[PDB]
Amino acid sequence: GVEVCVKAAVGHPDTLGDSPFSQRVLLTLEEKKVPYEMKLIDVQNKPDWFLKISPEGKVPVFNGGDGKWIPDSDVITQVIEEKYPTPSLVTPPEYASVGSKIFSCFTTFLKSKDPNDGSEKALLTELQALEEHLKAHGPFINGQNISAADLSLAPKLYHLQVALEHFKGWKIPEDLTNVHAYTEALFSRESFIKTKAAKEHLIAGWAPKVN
C-alpha cells in the first residue's frame, strides 16, 4: 500500500493543508488512480514517528511500499510515473520548464510592501509567457491531455490566485484568456477538488509571511 505524508492545514491537524508540493504528489496519485493512505503532518508540531522517518522534517515524503520514505516532489512524481505508467503523465522535455518562474515571482510580489518595485511586472511577464505557450500549445501544457507539468503548476497557480486576490486584491488580467481557461479547467478537476486546501487555510498559511 502506497503512503504519503503531507502538510496539514495550519491550526487544524486533522485537515488537509496547502503545500503545493504535497498537492502535486496527491494529484499524481489521484489522476493515476493509485490507492494510497494519506498521513497528515502538523508541520509546526511534527510527530516523533515522522521525524524518525523524515529526520530533516521534509514534507511530502512518499512510501511506494518498498520500505523507504522518499522526499522531493520532483523525484516522487517520477517514481510514481515509473511504477504506474498508465495513464502516462510524461511531459515532453521541451515543455518541462513552462511556468517554472511563476511561483517564485508570485511569492515575491505577495510579500512585497513596495507597490513599485517591479515585483508585479515580473509576475505578469511570466504569466504572459504562460499565456503565449497555451495560446500555441493549449489547452494543457502538452496540448491535450494532462501531464506532470500540469500537476506541478496547478497547485502553484491556485496559491497565486487565492493569495494575491485576498492579500492584495490583485487578479490575473482577463486579457490572459488561455491562462484563465487553464486554471478553470485544472481547478475544477475531480482530483484537484479532492486534494486542494480550503481557501481559508491557504490564507492562514500565508498570513504570517505577509506580516
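Residue indices: 1-based, along the sequence shown.
Peer 1: Averaging only over Cα atoms, indicate whether 67-75 or 108-116 has the higher B-factor in the PDB entry.
Peer 2: Per the PDB record, 108-116.
Peer 1: If you average the CA temperature factors over each stretch, which comes out higher, 139-147 or 153-161?
Peer 2: Higher mean C-alpha B-factor in the PDB entry: 139-147.
Peer 1: Compare the CA B factors listed in the entry for 173, 55, 60, 47 and report the winner.
Peer 2: Spelled out: the listed residue with the top C-alpha B-factor is 173.
Peer 1: Looking at the temperature factor on the CA atom of residue 210, which third of the chain's modelled residues does it land in?
Peer 2: Residue 210: CA B-factor falls in the highest third of its chain.
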